[PDB]
Amino acid sequence: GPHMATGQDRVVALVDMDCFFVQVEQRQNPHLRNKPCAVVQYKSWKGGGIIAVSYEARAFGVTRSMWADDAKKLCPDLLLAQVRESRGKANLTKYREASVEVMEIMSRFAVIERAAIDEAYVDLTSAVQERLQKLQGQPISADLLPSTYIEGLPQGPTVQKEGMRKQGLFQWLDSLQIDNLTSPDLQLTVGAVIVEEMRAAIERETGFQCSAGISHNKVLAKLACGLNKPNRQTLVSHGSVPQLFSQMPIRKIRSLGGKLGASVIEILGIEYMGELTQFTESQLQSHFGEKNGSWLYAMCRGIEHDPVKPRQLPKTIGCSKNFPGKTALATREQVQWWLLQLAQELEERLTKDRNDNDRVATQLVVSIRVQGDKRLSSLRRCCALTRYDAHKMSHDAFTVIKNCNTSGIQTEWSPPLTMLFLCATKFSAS
DNA sequence: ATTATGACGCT
DNA sequence: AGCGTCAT
Ligand SMILES: Nc1ncnc2c1ncn2[C@H]1C[C@H](O)[C@@H](COP(=O)(O)OP(=O)(O)OP(=O)(O)O)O1
Ligand SMILES: [Ca+2]
Ligand SMILES: [Mg+2]
């Protein structure tokens with residue numbers, strides 16, 4: 001009753017650029033705009049691996065993790081843009097710089113947590129308070145929410161998509177004007193007005209469109225964002241949670257898409273997030289651990305307390321290459337040459353990072369995969385990162401991994417290496 | 001041969 | 001510290 005927390009204290013958004021690498025390439029090459037197109041890395045093996053897909057191409061069934069040759073079977077007119085190759089490997093610099101464009105615009109509106117290259121959480125609580133102070137009791141016009149969906153509406157007593165969107169929005173605003181909603185609902189609504197403004201500024205100033213979710217915490221905002229894509233935003237209110245979760249597969253909630261979610265389904269014999277409400281907190285903790293159990297108990301009721309962390313920059317800078325199948329590295333010369341290529345890219349990115357962001361990395365992490373090992377990483381070793389020098393970093397990485405070579409012949413490397421990874425970590429201000 | 005990243009938890 | 005999990 002009067003003491004039960006409802007997790008309605010914050011306004012949180014999740015902004016997700018639509019098919020981001022595709023939009024970067026379409027901005028650069030207008031011939032790709034408004035077409036089925038995809039971004040591919042490499043080309044020799046089966047036409048290259050697809051890593052991003054325009055919504056027009058998705059309509060044909062093109063997905064990521066698809067070979068370009070196969071996507072062409074589904075969409076013969078599919079256009080492709082290739083990721084730049086430098087030093088013999090894919091180089092993602094263009095997309096990192098475009099990401100910085102968008103992150104810097106978002107930072108003008110509120111504190112952001114960079115969640116991925118194309119994804120940021122936004123803590124809008126304070127901005128909403130300010131905007132409400134400016135509004136001074138003035139109602140919110142539907143014109144301020146031209147791309148907003150209210151999840152769960154319309155309901156109760158038009159066959160077009162936009163018509164439904166407007167009907168639900170009208171019902172929501174009508175009940176806010178009449179005072180049949182809560183103060184959290186108004187806070188979320190103002191949050192959505194701000195997110196409309198943020199998304200308009202991103203598109204105006206970069207050309208890039210995005211979707212967004214607005215709710216009371218990060219998990220609901222993330223879930224909301226995916227409900228109406230592309231180029232739309234979705235408000236998930238606290239009151240919408242019971243119906244939304246009643247048919248929501250557990251795997252759709254962030255962090256439950258893998259082994260833990262599968263175990264939740266198997267151990268409890270449930271399918272949907274809402275079914276979790278029937279277990280006590282102690283029950284969930286007994287199956288899934290103290291932390292996971294408390295998190296699940298609150299989350300299935302729409303409550304989550306994870307803060308939007310004030311972090312616009314990545315915490316690590318890494319360079320990685322797989323050497324699949326027959327291309328696995330089998331000589332020492334090979335391993336050293338590729339460590340050097342990775343280390344040269346890393347040095348370049350680190351020097352740029354130091355100049356832009358007033359920080360220096362102090363730890364170098366070296367990871368490898370050996371042929372046959374099912375795990376993504378077979379071995380990880382750290383050493384001190386004391387100079388931004390590619391030859392030193394590559395020599396140090398070799399030193400930390402050289403004892404993995406079983407081969408009795410110094411010149412040969414066995415088992416062959418199927419992945420090399422160098423990562424700079426533990427930044428300090430400079 | 002579903003690549004190149006990136007964050008974070010466990011012990 | 002090194003490994004595992006989850007996601008983009
Ligand atoms: N598995 C991956 N491997 C490599 N790059 C990826 C991978 N997943 C995503 N990316 C890249 C390309 C995407 O443009 C960008 C953002 O990822 P993601 O949000 O999942 O999809 P998306 O932005 O391409 O489409 P959507 O609009 O549905 O979000 O990061
Ligand atoms: Ca995206
Ligand atoms: Mg994303």
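Below, chains carry the letters A, B, ... as their sequence lines are ordered, and counting in each starts from 1. Only heavy atoms go into these numbers, but all of them, side chains included; no hydrogens, no water, no symmetry mates.
- Rounding to the nearest 0.5 angstrom, the gap separating the CD atom in A:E25 from the CG atom in A:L80 is 11.0 Å.
- Counted by atom type alone, A:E101 and A:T206 present zero donor-acceptor pairs between their side chains at under 3.5 Å.
- A parallel orientation is assigned to the rings of A:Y95 and A:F21, their planes being inclined by less than 30° (bins at 30° and 60°).
- There is no side-chain donor-acceptor pair under 3.5 Å between A:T362 and A:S428.
- Under the 3.5 Å distance criterion, with hydrogens and angles disregarded, a donor-acceptor pair is assigned to the side chains of A:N228 and A:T234.
- Side-chain contact, A:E203 with A:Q209: a donor N or O sits under 3.5 Å from an acceptor N or O.
- Distance check, rounded to the nearest 0.5 Å: NZ of A:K43 to CG of A:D69 gives 6.0 Å.
- Counting heavy atoms from C-beta on, the side chains of A:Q312 and A:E104 come closer than 4.5 Å.
- Between the A:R33 side chain and the A:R27 main chain, a donor and an acceptor come within less than 3.5 Å of each other.
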Listed pairs under 3.5 Å, donor-acceptor, residues 266-279 of chain A side chains, sequence neighbours left out:
residue	atom	partner	partner atom	Å
A:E275	OE2	A:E271	N	2.8
A:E275	OE2	A:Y272	N	2.9
A:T277	OG1	A:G274	O	3.2

- Task: I would like to know whether A:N217 and A:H305 meet side chain to side chain contact (heavy atoms under 4.5 Å, CB included); could you show each step before the answer?
- Result: CA-CA 7 Å; A:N217 56 63; A:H305 299 303; over 6 Å; no
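- For A:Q187 (side chain) and A:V11 (main-chain N/O), no donor-acceptor pair under 3.5 Å exists by modelled atom type.
- The main-chain N or O of A:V308 is never found under 3.5 Å from a side-chain atom of A:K218 such that the two would form a donor-acceptor pair.
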Let me check something: any side-chain donor-acceptor pairs from residues 242-265 of chain A under 3.5 Å, sequence neighbours excluded? List them with distances.
residue	atom	partner	partner atom	Å
A:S246	OG	A:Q243	O	2.7
A:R254	NH1	A:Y121	OH	2.7
A:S263	OG	A:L260	O	2.7

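- Rounding to the nearest 0.5 Å places CD1 of A:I202 at 8.5 Å from CE of A:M103.
- Remark: the backbone N or O of A:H31 is paired with a side-chain donor or acceptor of A:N29 at under 3.5 angstrom.
- Under the 3.5 Å distance criterion, with hydrogens and angles disregarded, no donor-acceptor pair is assigned to the side chains of A:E151 and A:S237.
- Distance alone, capped at 3.5 Å, is enough to place a donor-acceptor pair between the A:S378 side chain and the A:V370 backbone.
- Looking at A:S86 and A:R84, their side chains do bring a donor and an acceptor atom within 3.5 Å of each other.
- Here the CG-CH2 distance, from A:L422 to A:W338, works out to 12.5 Å after rounding to the nearest 0.5 Å.
- For the pair A:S211 (side chain) and A:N231 (backbone), a donor-acceptor distance under 3.5 Å is present.
- With values rounded to the nearest 0.5 angstrom, A:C19 atom SG is found 7.5 Å from A:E56 atom CD.
- Atom CZ of residue A:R64 and atom CD1 of residue A:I51 lie 10.0 Å apart, to the nearest 0.5 angstrom.
- The main-chain N or O of A:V236 is never found under 3.5 Å from a side-chain atom of A:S240 such that the two would form a donor-acceptor pair.
- Checking side-chain atoms of A:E345 against main-chain N and O of A:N91 turns up no donor-acceptor pair under 3.5 Å.
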- Item | Worked check of salt bridge (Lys or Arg N to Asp or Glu O under 4.0 Å) between A:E304 and A:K222 | CA-CA 12 Å; A:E304 209 227 350; A:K222 175 60 164 169; over 6 Å; no
- Working for side chain to side chain contact (heavy atoms under 4.5 Å, CB included), residues A:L173 and A:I150: CA-CA 10 Å; A:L173 294 174; A:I150 309 295; over 6 Å; no
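- Within the 4.5 Å cutoff, the side chain of A:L385 has heavy atoms near those of the A:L350 side chain.
- Using a 3.5 Å distance cut-off with no hydrogens or angles, the side chains of A:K321 and A:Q341 do not pair a donor with an acceptor.
- With sequence neighbours excluded, the residues forming a salt bridge (charged side-chain N to carboxylate O under 4.0 Å, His left out) with A:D353 are A:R359, listed by chain and number.
- Classification of A:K166 and A:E162 as a salt-bridged pair holds, one side-chain N sitting under 4.0 Å from a carboxylate O.
- No donor-acceptor pair under 3.5 Å is formed between the side chain of A:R165 and the backbone N or O of A:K161.
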